[PDB]
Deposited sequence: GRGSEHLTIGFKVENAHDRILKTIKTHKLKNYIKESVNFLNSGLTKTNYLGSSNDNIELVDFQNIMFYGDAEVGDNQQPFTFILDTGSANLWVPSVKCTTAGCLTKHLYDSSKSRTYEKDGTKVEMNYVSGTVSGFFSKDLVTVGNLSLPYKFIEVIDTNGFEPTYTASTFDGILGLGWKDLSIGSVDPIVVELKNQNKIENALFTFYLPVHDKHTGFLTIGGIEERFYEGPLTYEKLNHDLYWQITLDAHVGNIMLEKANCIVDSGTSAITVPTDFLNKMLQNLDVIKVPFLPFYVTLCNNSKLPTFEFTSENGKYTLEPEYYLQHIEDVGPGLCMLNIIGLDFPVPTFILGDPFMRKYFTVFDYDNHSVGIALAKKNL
């Protein structure tokens, strides 16, 4: 089966960059010493005003060997488990931001076939068909040529990728085109409409996407499959237990695109109550002494399995800020219903299979040493 490697830029990465750029080292250190000293009645964990935005905890997965058409420049694609389509910036996009990207030029591709169906996901573009290549897999595929990123401009211009490769579910609002993994199976180029993620526990800046099959070398024992509880998301139902508090049948979104385990703000506040963890005021992260022995273990259970996530998996040293200090890859994020995003930290412990044909997520302990 085809396995491709990708690089990861996580929340920790951007936090370090910010701290370095604006010399925030002492601010954080002094903030922690003061707030984690006990002078305050309770340990500050943020507020409605001083919160953490999900965008701050994006786990960007870059892949640079994808090809779209021929006679083109190389492209940098990021994986998005939440999008059904392949998005590629068009040579027709001529804003300052687009001119800093590698653009797709259909007039130069021999294999290009016109479609032209408009797309308004704001973002403007149209469908085009061309040979898309990922690894040793190539197939004529319908993707979206973007001509305007409208308000997305700043974020996009500041980013370091060109397009987005969707690993999510077909959403008729944008189109009736199947996601690339599904299309590959439709064209009998892969054995199964499924993909897997193996995120080496020892290297947070790396990840491996396998398309079309399940490689035994990535996990221990038999897989346990959890049925998706939604038609458009890699979301399953699990009871969450953390310390003496729990959330029954919470929606858990499995997403390698999120750098943390996200938890409802109220639940997080109760979890961290007097555990010597503090939110750095006005900075996107919680900090605590790496040796903190009060940190909880996440426990997620279903009718077929039990998955746990110990502190080692959500802690990351921020030695440059202060000795023995760790940031938590946990953030408070509310959804209309009790929801957890089982991001990167969860996937560093567990190998995951995303099965389109069977509408489920397969889980098994990941092999730490391949």
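Colleague: What's missing from the model if you number the deposited sequence from 1?
Modeller: Missing CA coords at 1-5, 127-131.
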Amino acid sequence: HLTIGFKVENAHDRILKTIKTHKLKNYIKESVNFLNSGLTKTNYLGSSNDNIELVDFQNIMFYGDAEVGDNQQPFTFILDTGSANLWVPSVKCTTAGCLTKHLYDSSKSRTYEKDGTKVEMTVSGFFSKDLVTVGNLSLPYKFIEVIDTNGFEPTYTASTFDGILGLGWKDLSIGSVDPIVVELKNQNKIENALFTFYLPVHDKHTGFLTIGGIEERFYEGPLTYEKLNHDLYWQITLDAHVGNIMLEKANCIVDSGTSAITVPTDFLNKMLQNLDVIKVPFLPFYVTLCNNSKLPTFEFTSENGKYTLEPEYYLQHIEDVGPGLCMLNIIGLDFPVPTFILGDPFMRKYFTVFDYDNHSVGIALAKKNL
From here on, numbers count along this sequence of modelled residues.
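Colleague: Which of the two stretches, 80-88 or 196-204, shows the higher mean Cα temperature factor in the record?
Modeller: Looking at the record's C-alpha B-factors, the answer is 80-88.
Colleague: Identify the stretch, either 318-326 or 341-349, whose C-alpha atoms have the larger mean B-factor according to the entry.
Modeller: The recorded data point to 318-326.
Colleague: Looking at 227, 189, 102, 170, which has the highest Cα B-factor in the entry?
Modeller: In this record, 170 carries the highest C-alpha B-factor of the candidates.
Colleague: Just grab whichever of 135, 213, 179, 257 has the top CA B-factor as deposited.
Modeller: If I rank 135, 213, 179, 257 by C-alpha B-factor, first place goes to 135.
Colleague: For residue 307, does the deposited CA B-factor place it in the lowest, middle or highest third of the chain?
Modeller: Lowest third.
Colleague: Sort the modelled residues of this chain by their C-alpha B factor and say whether residue 11 lands in the lowest, middle or highest third.
Modeller: It belongs to the middle third of the chain when residues are ordered by C-alpha B-factor.
Colleague: Ranked by Cα temperature factor within the chain, is residue 143 in the lowest third, the middle third or the highest third?
Modeller: Residue 143: CA B-factor falls in the lowest third of its chain.
Colleague: For residue 163, return the chain-relative third of its C-alpha B-factor as stated in the PDB record: lowest, middle or highest.
Modeller: It falls in the bottom third of the chain.
Colleague: Per the entry's values, where does residue 335 land by CA temperature factor relative to the rest of its chain, in the lowest, middle or highest third?
Modeller: Its C-alpha B-factor belongs to the middle third of this chain's values.
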